[PDB]
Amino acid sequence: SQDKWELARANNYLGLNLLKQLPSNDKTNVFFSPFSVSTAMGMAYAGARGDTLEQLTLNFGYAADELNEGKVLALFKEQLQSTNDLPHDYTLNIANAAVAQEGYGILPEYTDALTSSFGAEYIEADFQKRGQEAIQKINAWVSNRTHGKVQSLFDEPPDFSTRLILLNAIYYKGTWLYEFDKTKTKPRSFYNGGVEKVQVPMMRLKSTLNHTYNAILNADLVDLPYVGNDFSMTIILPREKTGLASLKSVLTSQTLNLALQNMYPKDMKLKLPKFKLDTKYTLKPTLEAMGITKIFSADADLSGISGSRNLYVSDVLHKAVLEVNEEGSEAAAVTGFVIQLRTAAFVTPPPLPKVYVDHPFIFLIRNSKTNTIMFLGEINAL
C-alpha cells in the first residue's frame, strides 16, 4: 500500500536525520529507535493544532490539509498490531507515555488515540509539589512496561516548571533465522574509532546472505534476517577503516533504498561482534536542530490534548536497549558452487567472499515487509 510506504518513508527520513544530528565521539556507540521517535512525534501530531501541527506535518513535506488524521492514526494502529503479533522469538518491550502536570485537562479522544494508535499511556503527576513521587510513579511504570529491562528514566526530579514530557523506552532481543555457532566465537581485532586495535568477542557465520557492494555509500551491505524474516538487521560497513563519517554524510532514505534493491543472495563468510547497547537521550535539542520547535515553545498549541492551549513539551526522553548474540532458529547453510559437469575432473570452487565487521559501522533493524527502520546504531567502539 502507498500509505504504509509513505509512513515508512517519513519514519526513515526522521531516523537518518536524527543520526546526523545526535552528539557523538569515536569512543561511544549511538543507538535509538526511529520508530519510538516517530511514536513521540505521532503523539504530538494527534494533539497539535494551528502552527504547531503545520510545523510537524511540513517537516515531512505535507500541509496539514494533505493528510487525513484518521488515516495517519490508522497506519500507526496497523504498525502497533504487527509488533504486538510478533512471535515469542522476538523480545520487544515498548513503553510509550505522555506525563502531564495535573489539573490541565485530558480529552478522552486523545487518551483513546494514545492507546489504540501508539500503545501509549497518559499519566498525571505533580512536578511542582511532588517531584520525588512523580519520578517514583514514572520509574514504576517503565519497569512494569519493559518487564524490568528499564528500571528508571529519571535520577532527580525534573524542573518545577515541567508541563508535559514524552517518554519512549524500548528493549529488543531477536532470534536470528541462522544461528551463529557459539563454538566459533573468539576475541578478534576491531578498530575502535577506525584507529585503535582491540580484541573483542566476534561471532562467525558461513551462509547464503543478501549482500551488495554499493559505490555511492562505498560500503558492503549484508542482510541478517530474524525468525519469520519479519525483521532483518542490515549491516552497512564502509570500505575505508575511517569511512563511517563519510558514510553518514551520503546515507539517506533514497541512497539506502537504491542499495537495498541491489542485494542478492550469495555464499559468504561474516564476522560480526557480540554486543549489548543501552542508551538514553534527551531529544528536545536534536528535534529543535531538525526544525521541530513549536511543540517545545510557550506558544505551543496542543489543544487536542487538554481542550485548551495550556500544554507544551518540556522534553522528550528516549531509552533504547539491544542485545546481539549467537542464538538462531536454523543452522547456517551455503548452497555451494553450482557446476554442470560433463567430463570427470578435479573441481576447485572459488574462495567464498568475506564481510569482516572489524571497524566502525552502521546497522539498521527494519521491518522486511514495510522497510520501516525500527532500530539504528553506529558502533564506533567495542
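Counting begins at 1, following the sequence as shown.
Student: Per the PDB record, is the mean Cα temperature factor higher over 235-243 or over 154-162?
Tutor: Comparing 154-162 with 235-243, the higher average CA B-factor belongs to 154-162.
Student: Identify the stretch, either 58-66 or 326-334, whose C-alpha atoms have the larger mean B-factor according to the entry.
Tutor: 326-334 has the higher mean C-alpha B-factor.
Student: Just to confirm, going by the entry's C-alpha B-factors, which of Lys27, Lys354, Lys319, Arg49 comes out highest?
Tutor: Top of the list by C-alpha B-factor: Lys354.
Student: Out of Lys284, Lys280, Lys71, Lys186, whose C-alpha atom has the biggest B factor in the entry?
Tutor: If I rank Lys284, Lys280, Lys71, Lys186 by C-alpha B-factor, first place goes to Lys186.
Student: What third of the chain, by the recorded C-alpha B-factor, contains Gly307?
Tutor: Middle third.
Student: Comparing against every modelled residue in the chain, figure out the third that the C-alpha B-factor of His359 lands in (lowest, middle or highest).
Tutor: For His359, the deposited C-alpha B-factor lands in the lowest third.
Student: When the modelled residues of the chain are sorted by Cα temperature factor, does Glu179 land in the lowest, middle or highest third?
Tutor: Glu179: CA B-factor falls in the highest third of its chain.
Student: Once the chain's modelled residues are ordered by C-alpha B factor and cut into thirds, is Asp220 in the lowest, middle or highest one?
Tutor: Lowest third.
Student: Can you work out whether the C-alpha temperature factor of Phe35 puts it in the lowest, middle or highest third of the chain?
Tutor: Its C-alpha B-factor, which the entry lists for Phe35, ranks in the middle third among residues of this chain.
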